[PDB]
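# Commentary on secondary and tertiary structure
Take a look at the letters that make up each chain.
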Amino acid sequence: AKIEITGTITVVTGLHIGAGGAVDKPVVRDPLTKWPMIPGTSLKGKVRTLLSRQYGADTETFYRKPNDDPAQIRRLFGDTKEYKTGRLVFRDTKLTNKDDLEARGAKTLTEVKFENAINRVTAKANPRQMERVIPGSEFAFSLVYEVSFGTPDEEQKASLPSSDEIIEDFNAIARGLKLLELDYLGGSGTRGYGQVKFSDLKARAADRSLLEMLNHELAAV
Amino acid sequence: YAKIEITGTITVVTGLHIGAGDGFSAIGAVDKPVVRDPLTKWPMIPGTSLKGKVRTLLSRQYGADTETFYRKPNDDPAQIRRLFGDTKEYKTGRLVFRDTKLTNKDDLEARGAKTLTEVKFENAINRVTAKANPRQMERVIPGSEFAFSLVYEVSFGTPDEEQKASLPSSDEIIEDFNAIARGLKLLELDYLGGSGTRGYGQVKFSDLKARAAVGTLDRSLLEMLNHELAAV
Amino acid sequence: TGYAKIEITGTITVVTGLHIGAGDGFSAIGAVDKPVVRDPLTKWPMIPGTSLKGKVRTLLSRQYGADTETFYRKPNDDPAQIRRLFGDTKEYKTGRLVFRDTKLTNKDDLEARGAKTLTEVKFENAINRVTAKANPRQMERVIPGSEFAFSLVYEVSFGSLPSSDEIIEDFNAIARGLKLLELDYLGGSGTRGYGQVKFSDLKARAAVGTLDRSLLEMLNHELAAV
Amino acid sequence: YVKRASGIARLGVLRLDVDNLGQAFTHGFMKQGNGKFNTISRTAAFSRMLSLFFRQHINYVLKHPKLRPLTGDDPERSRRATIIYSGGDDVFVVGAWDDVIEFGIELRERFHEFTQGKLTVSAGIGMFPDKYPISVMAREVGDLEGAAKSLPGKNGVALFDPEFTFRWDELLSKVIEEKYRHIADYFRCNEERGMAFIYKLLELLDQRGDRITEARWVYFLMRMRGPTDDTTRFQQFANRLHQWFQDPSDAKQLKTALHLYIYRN
Amino acid sequence: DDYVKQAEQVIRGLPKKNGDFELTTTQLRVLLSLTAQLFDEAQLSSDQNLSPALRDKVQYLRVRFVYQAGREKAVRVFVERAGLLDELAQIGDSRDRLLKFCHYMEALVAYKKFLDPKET
Amino acid sequence: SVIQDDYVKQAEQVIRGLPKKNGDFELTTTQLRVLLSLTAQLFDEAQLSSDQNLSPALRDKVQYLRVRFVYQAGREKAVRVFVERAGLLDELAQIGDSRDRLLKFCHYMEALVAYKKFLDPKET
């Protein structure tokens, strides 16, 4: 009864995910093994900042928090006030093809791109560096949707959403993670780390003709 | 809402040398090896090295005719600020550059080349002793083509202070596509890499067209911008 | 009086030979061990803009100096009136003259006049005054008919900005400094029958920016002249 | 008292009983002069002053206090705490954790000015949330005056745990005015700086019994200076914190000094 | 042993050319960002004797050391004053000396960070 | 001593087997730019080959490397003495089956530029 979305996420540029060698502020790392992992939050937190500009900001939306979002947003990710459900979880993930990144040479698993800062009064260089994960890095992926019985704080009790409400929601995952690929994932504010490229998207059970009807939306990324 | 990316192909004219410090050099010691693609180690143009090399020019361009000097990376005019960013008014900008690795590797192997980069032995003759100090500065082959893709979100301005989410009219997207190709023009008439004013780092554009990948935008604008773009 | 990037066209042409060399290149045929600065892809002869800097850098430092006599011992010791074009670590300046590379343009006419190999092997010799023994060598240089294009730009005032005259005489300082190099050697093996070049069709334009009206024809005067 | 506090919002508890009060007159007169002074008017006097110290003079040390090493910025900013019962041997005060922990020493500095080195005390101060129940708001702070009453000198205090058990002279001097008056003062001028840095620090004081923690100590210390701050006083600011690291009791005072700033913000 | 205490003084013994140091840490950036990844593949491997893939990961770290020191003025003195190549010839038995050696190098760059201004 | 695993250790003693004449070395750095800027272009393509066997379209990319090796001993003498005892040609002779010997030889020559900076100033 679990609508499991499998997948595989792969960047093509660097990727700078803050984490708060004498590196100044390194990437987030899986602290048993220190491999670079994708944090579960900034998947959820990028999308609810993209989709609060796409489903929003058509219809003259100020949207001054994730609390005054539209219903189609708070259906998926939850909030304080109405709180439809916490309906979209994002299974956190770490780098996958590590030994196959080694076997084709890249041994560092993080380069340190040196940088620069030219002041415009003296043309004095000010060196600086960030860490980026490898452009060839290929994380595994999952996030789990469900058969989704609703929990109304509102008086419309036990209102289980219908099959039109699923495909308005899996429009928003087609509209979510495709619109991600034309924007960031991590750091480098408007500077080139976070062009990502999804592979092998699916939905999976964990009615029957609804299953093929949802994968369509997920061939659309 | 829409997403108008800007694709094409950049191409070095002269040799190009962008090389950052010392990242990794197993065999070939040079002065500064060029920034490469760490799984494959093909040269690249990092998006920062393009962004500042565009932005610095426009600061000299809206300055030096209004004659005001723009000395900080955060006090350029709004038409630079809305595009590239700020930390006081338009906090995240609109243009999102990428780095770009070596696309055309097989023709550059079909056209007989061997090393994908060239070692340009320079000198420096001092004037007292009249003796030369050698150098070993190496640059990338002058006939290679990286890709190009900088996307462009549509206008919407909520993080500002009083005009909350006030989307401006369709002239501003023409002004903010003017200065893209005007910015891409002033980089065509200047160096990009290191050792400019010495005969490196000149790059040639092509295929400078826009297209919407996500979103709704009228053809009465998307052909004003695409003919604002490919002309220059 | 706004912005300007005065682009400079023209065509340089070797009159004599030319042996601006590359040390240890990778041409790999034999006595190409004294090679020329080639392209790596087309393998056509080219000219670095470093040398066209590093000759007009040198041969104006001793023409704007060696009259003011103070010998200008280092490439920051040079006065402002050279280094405000060419660049200095003193004022950290970016130069103001992007001397671009240039490569073999008219390879087509050189196959029209039947010139076969594009690089001619000019032999030379060593005679020692006691032995009178001939020690040969195989020195190599470009065809003396070939022609390269010419491209430099010149940024306008940015820093509170150089005025109109600072555009004029400094651009005139280029044309003063260029006709020296026309009557001077350029390549390697100077003073010995090499490296003389011929310049032509050197004009200014407004490739971008709002270039003025009076301050262009004065710059199309001397560079078209010399 | 948890609805206002800039910083943490924790209701602070305080209980404190004067030690050895069964020996107040049975063996408190008969060690000097062989005890001719045991009389009713000489023993109804300190029990007529304790009916003012612990019943009325505590209104002075609370309504207009003196010592303010956490809050500061006003001399007569009133204590926002509330005393449960002002009476006799035992004082019981509960308020915010901030005003109590200064006043809990400050009232004792109206106590060592009366006995002047003869009567001893041990207190207890803990911090608790608002909806915390009372039946374990007095069974755990009954270890904080239950552990420092088990001091060999009996004149001490225990903060927040039975492993912090410090003397009254080791607390206002070594902890606050030496070590807490070292930490938040180099970025006194940058008052909003990373306390997201300082909770890295007291991981190391728990792993101080390993060798490389010396190396990681100085490592993180000079991960704060650079070209974006005034670095006229940084070599000693880490060296004071470097000498404190090696001694197996110098850092015992330090952990409480670190805890004061993270719980102040 | 002494080896985590040694680096307290061998960095005072580095010859500071102008009074400020000659060895800034960025000259080791290809080195200390190549052993930090060796340090984390070492302990996560559970066998004492190293995996054969990690047997020759340090082989490149050894070869990088002898190049980078011989490439620069500053690391010319820093290797033998710490005895780094002197520790690296015999490390092919087990991670015990290795995890000592990386911890030794951890103390060095930590004490290198303390014994200088070393701004960002 | 197994030479193929002493191959990363052999580079220290056979770099002394080349004899210095003045006391300073004879094989300087800039004499070998065409075997370091032309073997990084073999190194960036050998590692990307997921196949155990080489491509025929790569099997000639080492032959132009081979012919440049047999050429550079003819042109210079300081490189002429570098090769014949190091035996670079024997590892380039029978390399044609798979990248077993090649990734050794890809690794063997980064060790020889390594010790050559070590045994000499290499100043600035």
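What counts as what
Residues numbered from 1 in each chain as written, not as in the entry; some residues may be left out. Chains lettered and ligands numbered in written order. Part of a larger assembly, values for the part shown. Heavy atoms only, no water. Helix = DSSP H or I, 4+ residues; strand = E, 2+ residues; numbered from the N terminus. Buried < 20%, exposed > 50% of the residue type's maximum accessible area, 1.4 Å probe, protein only. Contact = heavy atoms within 4.5 Å. Areas by Shrake-Rupley, 256 points an atom, 1.4 Å probe, with all protein chains shown as cover. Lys, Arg positive; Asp, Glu negative; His and termini not counted. Charge placed at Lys NZ, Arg CZ, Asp CG, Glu CD. Core = buried A, V, L, I, M, F, W, Y, C linked by side-chain atoms within 4.5 Å. Salt bridge = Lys/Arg side-chain N within 4 Å of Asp/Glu carboxyl O. Pairing = 2+ DSSP bridges. Axes fitted to C-alpha atoms, helices over the stretch in contact; angles between N-to-C directions. Buried area = accessible area lost by both parts, 1.4 Å probe. Polar contact = N/O pair within 3.5 Å; in protein donor to acceptor, adjacent residues only side chain to side chain. Patch = residues over 30% accessible without salt bridge, like charges linked within 9 Å, V, L, I, M, F, W, Y side chains within 5 Å. Nonpolar A, V, L, I, M, F, W, Y, C, P; charged D, E, K, R; others polar.

In its metadata, the entry names cryo-EM as the structure determination method and reports 3.73 Å as the resolution.

In the PDB, the structure is listed with the title "Cryo-EM structure of CRISPR-Csm effector complex from Mycobacterium canettii".

Per the PDB entry, chain C is named CRISPR system Cms endoribonuclease Csm3, and its organism is Mycobacterium canettii.

### A short note on the overall build of chain D
The helix and strand inventory of chain D stands at 10 helices and 6 strands. Expressed along its principal axes, the backbone C-alpha trace of chain D runs to roughly 70 × 40 × 35 Å. Residue burial in chain D is summarised as follows: out of 265 residues, 44% are buried. Restricting to contacts in chain D with at least 6 residues of sequence separation, those with at least 24 account for 67%. Accessible surface for chain D amounts to roughly 13,600 Å². Of this, 52% is attributable to carbon and sulfur atoms. Side chains of chain D carry 39 positive and 34 negative charges; the gap between the two charge centres is 3 Å.

### Description of the nonpolar core
Core analysis: the largest hydrophobic core is formed by 145 residues, its most contacted members being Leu107(D), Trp217(D), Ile11(E), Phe65(E), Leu84(E), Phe101(E) and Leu108(E). For this core, the element with the highest residue contribution is helix α6 (residues 95-114) of chain E, accounting for 12 residues. In contact with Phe101(E), other than residues within four places in its own chain, are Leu61(E), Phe65(E), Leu84(E), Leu88(E) and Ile91(E). Of all hydrophobic cores here, the second largest spans 85 residues; its members include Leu180(A), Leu214(A), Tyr1(B) and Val154(B).

### Section: the pattern of salt bridges
Within the structure shown, the criterion is met by 72 salt bridges over all chains. The salt bridge partner of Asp79(A) is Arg74(A), with a shortest N-O separation of 3.9 Å. When sorted by exposure, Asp79(A) lands in the same class as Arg74(A), which is buried. Note that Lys103(C) and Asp39(C) form a salt bridge whose closest N and O atoms lie 3.3 Å from each other. You can see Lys103(C) sitting in strand β4 (residues 102-103) and its partner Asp39(C) sitting in the loop between β2 (11-14) and β3 (46-47), a full 64 residues away along the chain.

### Notes on the sheet that holds β2(C)
Residue and element names in this part refer to chain C. Overall, antiparallel pairing links the 3 strands, which are arranged β9-β2-β10 in an open sheet. Of all the strands in the sheet, the pair left with one neighbour each is β9 (147-149) and β10 (197-200). The sheet shows a mean angle of 25° between the axes of neighbouring strands, taken without regard to direction. Note that β2 and β10 share 4 bridges and pair antiparallel. Looking at the pairing, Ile-12 lines up with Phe-199 of β10.

### Details of the interface of chain A and chain B
By a widespread convention, an interface's size corresponds to the accessible area lost as its parts come together. Contacts between the two partners involve 35 residues from chain A, matched on the other side by 37 residues from chain B. When chain A packs against chain B, the two sides together hide about 3,000 Å² of surface, and 62% of this comes from carbon and sulfur. Among the residues chain A hides against chain B, the three largest losses belong to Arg120(A), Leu182(A) and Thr190(A). Together they make up 27% of the total. The tally of links from chain A across to chain B stands at 1 salt bridge. A salt bridge links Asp99(B) to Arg132(A), with the shortest nitrogen-to-oxygen separation between them at 4.0 Å. Taken together, the links from chain A to chain B amount to 7 residue pairs in polar contact.

### Focus: a nonpolar patch on the surface
A cluster of nonpolar side chains, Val121(A), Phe69(B) and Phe158(C), forms an exposed patch at the surface whose accessible area comes to about 290 Å². Its place among the elements puts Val121(A) in the loop between β5 (114-115) and β6 (128-129). Given a relative accessible area of 55%, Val121(A) falls into the exposed group.

### Section: the interface of chain D and chain E
Taken residue by residue, the interface counts 15 residues in chain D and 15 residues in chain E. Of the roughly 1,500 Å² buried between chain D and chain E, counting both surfaces, carbon and sulfur atoms make up 61%. On the chain D side of the contact with chain E, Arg211(D), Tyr219(D) and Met222(D) bury the most area, a combined 34% of that side's loss. Our count for the chain D to chain E interface comes out at 1 salt bridge. A salt bridge links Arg216(D) to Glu106(E); the nearest nitrogen and oxygen atoms lie 2.5 Å apart. For the interface between chain D and chain E, the tally reads 1 residue pair in polar contact. Where the side of chain D that touches chain E is concerned, the elements lending two or more residues are α8 (213-221) and α9 (235-246) of chain D. For the side of chain D that touches chain E, a count of residues per class yields 7 nonpolar, 4 polar and 4 charged.

### Quick notes on the side chain of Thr50(C)
One can find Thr50(C) in helix α1 (residues 49-56). Assessed through its relative accessible area of 15%, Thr50(C) is described here as buried. At a separation of 2.7 Å, a polar atom in the side chain of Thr50(C) contacts the main-chain carbonyl oxygen of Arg198(B). Leave out the neighbours within four places in its chain, and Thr50(C) touches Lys120(B), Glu122(B) and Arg198(B).

### Some remarks on the arrangement of the chains
The chain pair with the greatest number of contacts, out of 11 pairs of chains in contact, is formed by chains A and B. Of all C-alpha pairs spanning chain B and chain D, none lies closer than 16 Å, and the two are not in contact. At no point do chain D and chain F touch; the closest pair of C-alpha atoms across them sits 28 Å apart.

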